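Down below is the structure, laid out as structure tokens.
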Amino acid sequence: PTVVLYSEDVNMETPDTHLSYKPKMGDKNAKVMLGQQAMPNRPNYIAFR
Amino acid sequence: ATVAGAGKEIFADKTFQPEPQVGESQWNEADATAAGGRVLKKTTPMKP
């Protein structure tokens, strides 16, 4: 063997980015889900008048 | 399925149907078996 990978899991998420394009309505990642797309969400500017 | 077995093969219109503004909807591809495209005739001079 010439490669050693490491298997680990994290609780990652996305706090400010929505999905521009999704292949199919299903989750449970498959090969096609390799190539989805995402777009950052619009800025918001709450404050005092 | 209008006749319960329908779906008779719909083809491209002669004039406009091959749309220059479509293609694969994912960064990777599946390399479909058959594909279609548009091209001019030699009568029209070629321009960039």
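Cβ coordinates were reconstructed from backbone atoms using ideal geometry, including for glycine residues, and neighbour counts include every protein chain displayed. None of the figures in this text is laboratory data; all of them are computed from the coordinates on show.
Just to be sure I understand the filter: pairs with C-beta atoms under 9 Å, separated by 6 or more residues or on different chains, first member in the stretch B:22-48 and within 30 Å of A:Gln37 (Cβ to Cβ), second member hydroxyl-bearing (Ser, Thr, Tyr) and surrounded by 10 or more Cβ atoms within 10 Å (Cβ to Cβ). Which pairs pass? Every condition considered, the pairs that remain are B:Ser25/A:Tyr21; B:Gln26/A:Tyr21.
The residue that is farthest from the other protein chains (Cβ to nearest Cβ), among those in chain A that are within 30 Å of B:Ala30 (Cα to Cα) and basic (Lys, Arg), is A:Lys28. Does A:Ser7 qualify as being outside any loop (DSSP other than H, G, I, E, B) and out of contact with any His (no Cβ under 8 Å at 6 or more places or on another chain)? No, not satisfied.
Is there a residue in the stretch B:25-38 that is over 25 Å from A:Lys22 (Cβ atoms), loosely packed, with under 10 Cβ neighbours inside 10 Å and acidic (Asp, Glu)? So far as the stretch B:25-38 goes, no, none of its residues is over 25 Å from A:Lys22 (Cβ atoms), loosely packed, with under 10 Cβ neighbours inside 10 Å and acidic (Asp, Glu).
Each row is one residue, and each column tells you yes or no for (1) closer than 28 Å to A:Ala30 by Cβ; (2) under 17 Å from the mean Cα position of the chain (by Cα); (3) part of a loop (DSSP other than H, G, I, E, B).
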residue	(1), (2), (3)
B:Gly5	no, no, yes
B:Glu9	no, yes, yes
B:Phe16	no, yes, yes
B:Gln26	yes, no, yes
B:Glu29	yes, yes, yes
B:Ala34	yes, yes, yes
B:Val39	no, yes, yes
B:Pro48	no, no, yes
